[PDB]
S.K.: 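Quick one: the structure is below, and I'll ask about it shortly.
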Amino acid sequence: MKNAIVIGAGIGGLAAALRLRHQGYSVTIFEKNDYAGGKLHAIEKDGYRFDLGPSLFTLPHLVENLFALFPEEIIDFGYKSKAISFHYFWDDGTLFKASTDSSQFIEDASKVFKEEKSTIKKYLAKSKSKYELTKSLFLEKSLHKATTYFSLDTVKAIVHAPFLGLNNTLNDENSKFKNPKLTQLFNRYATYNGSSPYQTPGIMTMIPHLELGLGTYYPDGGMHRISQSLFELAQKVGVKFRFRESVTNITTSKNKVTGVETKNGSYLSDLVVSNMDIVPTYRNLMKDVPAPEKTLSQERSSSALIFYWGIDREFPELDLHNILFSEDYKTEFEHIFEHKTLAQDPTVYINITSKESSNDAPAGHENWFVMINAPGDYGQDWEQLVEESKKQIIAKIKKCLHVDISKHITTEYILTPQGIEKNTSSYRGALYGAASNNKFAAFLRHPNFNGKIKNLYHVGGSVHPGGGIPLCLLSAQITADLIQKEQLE
Ligand SMILES: Cc1cc2nc3c(=O)[nH]c(=O)nc-3n(C[C@H](O)[C@H](O)[C@H](O)COP(=O)(O)OP(=O)(O)OC[C@H]3O[C@@H](n4cnc5c(N)ncnc54)[C@H](O)[C@@H]3O)c2cc1C
């Protein structure tokens, strides 16, 4: 039986390992940290639990597909569907509580924004058709097509560009709404891959379909249960783990992978699958191999700055997912992507899992995950940025919720783009690999195979097909399909 080594226990690596296991490989995952899940990590601090990374759960069938590979194993993983997606607030007092029932969303949005129902209806149906077309056409495509060098392979993208909105920006399509608050609400979806609504293509209007047509869910135990259930499953089906052991080099011979090295020794495998960020994969682990320099130089997605606050009271106006919109979104993104700094009026996301699992906070308290969009680390003075952002975020919460939250903070943890970078070796602290700030960027990501080194594969959020849970999971599926194909040949 052949063996595979997976470099990193992120969601992509865990998924890949599970798939290779199902195929019959023996599998070992190396992890630099003393925990599994990478960005899907959690902490418990002074009476509060916090998810550290992903907070939004859509497309739960993609996780279930992994359990389905091992129908006999007993893994407790469940989730519920929510009636409400997000609460949205603005400085002028406007609040929109957004239903996951599309009929109710359209009616509510119509009244709250004084906007024609037909406009909202047509937009959501177009968002749906975009998703289904993109899924059918690009995410379900077969792997028949092969070759010795890199290729574009998407005349279909050009056929369908007018319908998908590939030649305009997200904001071009979102500016159809008359109320600018509604334009803003839908421009927010550019953050779902760390891009700007003013640059990312119009195909991204499909993103709200995920949470508004397909459901918004909450897993039992919070988001941490996603990586941990998968870790538990992996361990039960025989995947081996080497924790606190960073891979330092990927070994080859005669242009085929032979295994990896760590500070502790060398290990051989028939296959290597890296779940490490593609930049240090080349820069650090393949120092003797020629790097695809343009791929590695693609613009980096945005990062984040997060404050985790225990809060000594309740806010009945807040649900699980809440947004306090900046009064000037265009400036917000300009700072982030053009100047690598922070605008003074931020869009603040407040996530509160204690609304779903009351054990996540003391009785009558809340566990606030408080996040603003942020540039990656390019040498800024992060100490000053954090100090400044804190005061602006507190100012934002006074404008929108009419409370001085500083009187209620009982404990604080902070995560910056430096912390993000250190935690998981994500280059620049970018949350989603390369940004998607033009129509080529998706088609310019590193593939899941490697054209120089046979039997070396790549999985996760910095490579094809993209950042975020659903796409990282597809990364692993595609990687495993490739390998099975190669076996058959
Ligand atoms: C704050 C935040 C919020 C987010 N929210 C969302 C969300 O709501 N929805 C969403 O879809 N996505 C979200 N994301 C993004 C999402 O978390 C990632 O894109 C995705 O989970 C990353 O998966 P991955 O497979 O790339 O693995 P990663 O999570 O990046 O982890 C990779 C693993 O590899 C390990 N590793 C690296 N180098 C080595 C080495 N040399 N040796 C051994 N091990 C190594 C790392 O330590 C890490 O454990 C969020 C990200 C952040 C930071």
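These values consider heavy atoms only, across backbone and side chains, with no hydrogens, waters or symmetry-generated copies. Residue indices begin at 1 and follow the sequence shown.
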S.K.: Distance only, no hydrogens: is a donor on one side chain within 3.5 Å (strictly under) of an acceptor on the other, for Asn448 and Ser475?
M.R.: yes
S.K.: Are any of the side-chain heavy atoms of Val348 and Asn322 separated by less than 4.5 Å?
M.R.: no
S.K.: Mind running side-chain contact (heavy atoms from CB on, under 4.5 Å) on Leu133 and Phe163 for me, showing each step along the way?
M.R.: CA-CA 10 Å; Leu133 185 57; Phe163 181 93; 3.8 Å; yes
S.K.: Would you say that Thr353 contacts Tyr218 through its side chain, given a criterion of any heavy-atom pair below 4.5 Å between the two side chains?
M.R.: yes
S.K.: Angle class for the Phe307/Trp309 ring planes (parallel below 30°, perpendicular above 60°, tilted otherwise)?
M.R.: tilted
S.K.: Would you please name every residue forming a salt bridge (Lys or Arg N to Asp or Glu O under 4.0 Å) with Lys114, sequence neighbours left out?
M.R.: none
S.K.: With a cut-off of 6.0 Å (strictly less than), are more than 12 heavy atoms of other residues, nucleotides or ligands near NZ of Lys45?
M.R.: yes
S.K.: Cut-off 3.5 Å, side chains only: do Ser55 and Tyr349 have a donor facing an acceptor?
M.R.: yes
S.K.: Would you indicate whether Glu387, at its atom CD, is surrounded by more than 12 heavy atoms from other residues, nucleotides or ligands within a distance under 6.0 Å?
M.R.: no
S.K.: Kindly state whether the ring of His41 and the ring of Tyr35 have centres lying under 6.0 angstrom apart.
M.R.: yes
S.K.: Using the rule given for side chain to side chain donor-acceptor pair (under 3.5 Å), can you reason through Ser175 versus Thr183, listing the C-alpha separation, both sets of side-chain angles and the distance that settles it, and then say yes or no?
M.R.: CA-CA 5 Å; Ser175 294; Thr183 295; 4.9 Å; no
S.K.: Who pairs with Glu383 by side-chain hydrogen bond (donor to acceptor under 3.5 Å, both in side chains), at least two apart in sequence or on another chain?
M.R.: none
S.K.: Within a radius of less than 6.0 Å around OH of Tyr427, do more than 12 heavy atoms belonging to other residues, nucleotides or ligands occur?
M.R.: no
S.K.: Does the ring of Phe113 carry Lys178 above it, NZ/CZ under 6.0 angstrom from centre and within 45° of its axis?
M.R.: no
S.K.: Would you please name every residue forming a ring pair (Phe, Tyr, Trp, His ring centres under 6.0 Å) with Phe67, sequence neighbours left out?
M.R.: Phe77
S.K.: Going through the checks in order, is the side-chain contact (heavy atoms from CB on, under 4.5 Å) test met by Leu40 and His224?
M.R.: CA-CA 6 Å; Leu40 272 164; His224 194 41; 5.5 Å; no
S.K.: Mind checking the CD1-OG spacing from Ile7 to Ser425? Nearest 0.5 Å is all I need.
M.R.: 11.5 Å
S.K.: Tell me if a side-chain donor or acceptor on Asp51 pairs with a main-chain N or O of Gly53 at a distance below 3.5 Å.
M.R.: no
S.K.: Under 3.5 Å, side chain of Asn179 to main-chain N/O of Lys181, donor-acceptor pair present?
M.R.: yes
S.K.: Applying side chain to side chain donor-acceptor pair (under 3.5 Å) to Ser426 and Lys39, what does each step give before you reach the verdict?
M.R.: CA-CA 10 Å; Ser426 299; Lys39 291 171 171 83; 2.6 Å; yes
S.K.: If the threshold is 4.0 Å, N to carboxylate O, is there a salt bridge linking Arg428 and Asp377?
M.R.: no
S.K.: Show your working on side chain to side chain donor-acceptor pair (under 3.5 Å) between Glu299 and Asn437 and close with a plain yes or no.
M.R.: CA-CA 8 Å; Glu299 192 196 18; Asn437 279 329; 3.0 Å; yes
S.K.: For a quick check under 3.5 Å, do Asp108 and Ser99 share a side-chain donor-acceptor pair by atom type?
M.R.: no
S.K.: Do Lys130 and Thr205 have side-chain N/O donor and acceptor atoms under 3.5 Å apart?
M.R.: yes
S.K.: Would you say the side chains of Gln392 and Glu388 form a donor-acceptor pair under 3.5 Å?
M.R.: no
S.K.: Is it true that a side-chain atom of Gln380 and a backbone atom of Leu385 form a donor plus acceptor pair closer than 3.5 Å?
M.R.: no
S.K.: For the residue pair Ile120 and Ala109, what are the closest heavy atoms and their distance?
M.R.: CD1-CB, 3.7 Å
S.K.: State, with a plain yes or no, whether a side-chain heavy atom of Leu137 is found less than 4.5 Å away from one of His160.
M.R.: yes
S.K.: Is it the case that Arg188 places NZ or CZ above or below the six-membered ring of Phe86, under 6.0 angstrom from the centre and within 45 degrees of the axis?
M.R.: yes
S.K.: I'd like to know if the side chain of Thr100 pairs up with that of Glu211 as donor and acceptor (distance under 3.5 Å, no hydrogens or angles considered).
M.R.: no
S.K.: So with a 6.0 Å cut-off around NZ of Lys80, is the heavy-atom count from everything else above 12?
M.R.: yes
S.K.: I want to check something: taking the side chain as every heavy atom from C-beta on, are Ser462 and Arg300 in contact at a cut-off of under 4.5 Å?
M.R.: yes
S.K.: Please lay out, stage by stage, how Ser151 and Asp153 fare under the test side chain to side chain donor-acceptor pair (under 3.5 Å).
M.R.: CA-CA 6 Å; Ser151 78; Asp153 277 333; 2.8 Å; yes
S.K.: Taking atom types as modelled and ignoring hydrogens, do the side chains of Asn171 and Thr169 form a donor-acceptor contact shorter than 3.5 angstrom?
M.R.: no
S.K.: Assess the residue pair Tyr282 and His446 against the criterion (ring pair (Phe, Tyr, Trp, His ring centres under 6.0 Å)); give the C-alpha distance rounded to whole Å, side-chain angles, the decisive distance to 0.1 Å, and a yes or no.
M.R.: CA-CA 12 Å; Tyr282 282 98; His446 194 298; 5.7 Å; yes
S.K.: Between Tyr123 and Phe186, how do the two ring planes meet: parallel, tilted or perpendicular, split at 30° and 60°?
M.R.: tilted
S.K.: Using a 3.5 Å distance criterion without hydrogens, assess whether the side chain of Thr424 forms a donor-acceptor pair with backbone atoms of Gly38.
M.R.: no
S.K.: Look at atom CD of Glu356 and say whether more than 12 heavy atoms of other residues, nucleotides or ligands are closer to it than 6.0 Å.
M.R.: yes
S.K.: Can you list the residues that meet the salt bridge (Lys or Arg N to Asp or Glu O under 4.0 Å) rule with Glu140, with sequence neighbours excluded?
M.R.: none
S.K.: Once side-chain hydrogen bond (donor to acceptor under 3.5 Å, both in side chains) is applied, do any residues pair with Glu116, and if so which ones, sequence neighbours excluded?
M.R.: none
S.K.: Under 6.0 Å from the NZ atom of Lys156, do we count more than 12 heavy atoms belonging to anything else shown?
M.R.: no
S.K.: Applying salt bridge (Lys or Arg N to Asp or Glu O under 4.0 Å) to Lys126 and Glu173, what does each step give before you reach the verdict?
M.R.: CA-CA 11 Å; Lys126 167 52 66 67; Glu173 291 186 47; over 6 Å; no
S.K.: Is the backbone N or O of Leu318 less than 3.5 Å from a side-chain atom of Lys355, with the two atoms forming a donor-acceptor pair by type?
M.R.: yes
S.K.: Is a side-chain donor-acceptor pair under 3.5 Å present for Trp90 with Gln184?
M.R.: yes
S.K.: Establish, from distance only, whether the side-chain atoms of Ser326 and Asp328 form a donor-acceptor pair under 3.5 Å.
M.R.: no
S.K.: The test is salt bridge (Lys or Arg N to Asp or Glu O under 4.0 Å); show your working for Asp345 and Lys399 and say whether it passes.
M.R.: CA-CA 11 Å; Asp345 195 46; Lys399 284 192 279 178; 3.0 Å; yes
S.K.: Any ion pair linking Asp319 and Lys82 (charged N to carboxylate O, less than 4.0 Å)?
M.R.: yes
S.K.: Tell me if the CZ atom of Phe443 is crowded by more than 12 foreign heavy atoms within 6.0 Å.
M.R.: yes
S.K.: Evaluate side-chain contact (heavy atoms from CB on, under 4.5 Å) for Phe50 paired with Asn351, printing each intermediate quantity in order.
M.R.: CA-CA 10 Å; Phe50 305 93; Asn351 168 264; over 6 Å; no
S.K.: Is the shortest distance from a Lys or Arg side-chain nitrogen in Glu317 or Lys97 to a carboxylate oxygen in the other one below 4.0 Å?
M.R.: no
S.K.: For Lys121, does the NZ atom sit with more than 12 other heavy atoms under 6.0 Å from it, leaving out its own atoms?
M.R.: no
S.K.: Apply side-chain contact (heavy atoms from CB on, under 4.5 Å) to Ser301 and list each qualifying residue two or more places apart in sequence or on a separate chain.
M.R.: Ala430, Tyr432, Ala435
S.K.: Distance alone, cut at 3.5 Å: any donor-acceptor contact between the side chains of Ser436 and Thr200?
M.R.: no
